[PDB]
Structure formats: structure tokens, C-alpha cells
Amino acid sequence: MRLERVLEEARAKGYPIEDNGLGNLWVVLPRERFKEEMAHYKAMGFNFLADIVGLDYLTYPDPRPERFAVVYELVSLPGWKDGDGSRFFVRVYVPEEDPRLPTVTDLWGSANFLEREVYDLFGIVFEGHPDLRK
Ligand SMILES: [Ca+2]
Ligand SMILES: [Ca+2]
Ligand SMILES: [Ca+2]
């Protein structure tokens, strides 16, 4: 199952893993490794980017590595016929000094809309997005 492999790689690379006991898993990626790993997840068969959620930790009581984070919902869709239903979240922290991430619109077509919603809401730039060049 793809999710086993995702977690094995995260453990080996020292990327933080989080669970909520309800079957939801998070892998925290450093911004410097984000695009390479997203491309690897696509190659592994996470063919559906379901969602991107922007987060602002300003005013919440527990310190985080950065003010902002972006969360991606990746899915291996159970169908034709590889694809096993694996689903997990990627979280990447984004510095307030440089609120910027690589686009993944080259990997998933749903990213066009999802990234634009986050840019409009938080001002986080998805560099390379067809609407956000320059
Ligand atoms: Ca969902
Ligand atoms: Ca969702
Ligand atoms: Ca959503």
C-alpha cells in the first residue's frame, strides 16, 4: 500500500509524521525538499490532489516553525486498477518573511484553482503558477 511507503520514506528522511487517531496522517516537509517530494508522490501514484488549505498561526498560543503553513491532501484513487485508496496530508511551513512555495500545477491540474484560492486568501505566492508569474 502506498501509504506504508510514504511513511517509511518520511521516517528514514526524518520528516515529522503526525496522526489524529481517526486515520488521518500528516507528513511535514521542509520547503527546500517540497517540490522534489511532491513529484515523487505523483510518481508513486498519488494521482489526485484533493485540496490545499492555507494556515495562519498568528495569535495561537503554541509556537510553530513559521507563521504560515500550507496543507495538501493527496489521494491514490482506488481505480484502473492500481491505486489503493491511500490518502495523506503534506504540511509545509512558510516563513512570513517570504510567503512563497513552488507551484505543483505541473503535477496536478486541480492545483490551478486550489493554489489561487490560497494566494487570494493569504497572499502566499505559488511561484510558477500560470496566473502568478513575474
Ligand atoms: Ca477529503
Ligand atoms: Ca479536503
Ligand atoms: Ca478545503
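In listed order, ligands and their atoms are each counted from 1. The basis for the numbers below is simple: all heavy atoms, side chains too, and nothing from hydrogens, waters or symmetry mates. Counting from 1, the numbers follow the sequence of the chain as shown.
- Atoms CG and NZ, from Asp106 and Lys35 in turn, are 3.5 Å apart once rounded to the nearest 0.5 Å.
- Checked against a 6.0 Å centroid threshold, the rings of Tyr72 and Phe34 count as neighbours.
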Apply side-chain contact (heavy atoms from CB on, under 4.5 Å) to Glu18 and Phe89, showing your working.
CA-CA 9 Å; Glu18 295 178 31; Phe89 301 110; over 6 Å; no

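- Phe88 has its ring centre less than 6.0 Å from the ring centre of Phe46.
- Listing protein N, O or S atoms at distances below 3.0 Å from the Ca ion (ligand 2), with waters left out, gives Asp51 OD2, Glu73 OE1.
- Looking at every heavy atom in both residues, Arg33 comes nearest to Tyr15 through NH1-OH, 3.0 Å.
- For the pair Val70/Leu55, no side-chain contact is recorded, criterion being any heavy-atom separation below 4.5 Å from C-beta on.
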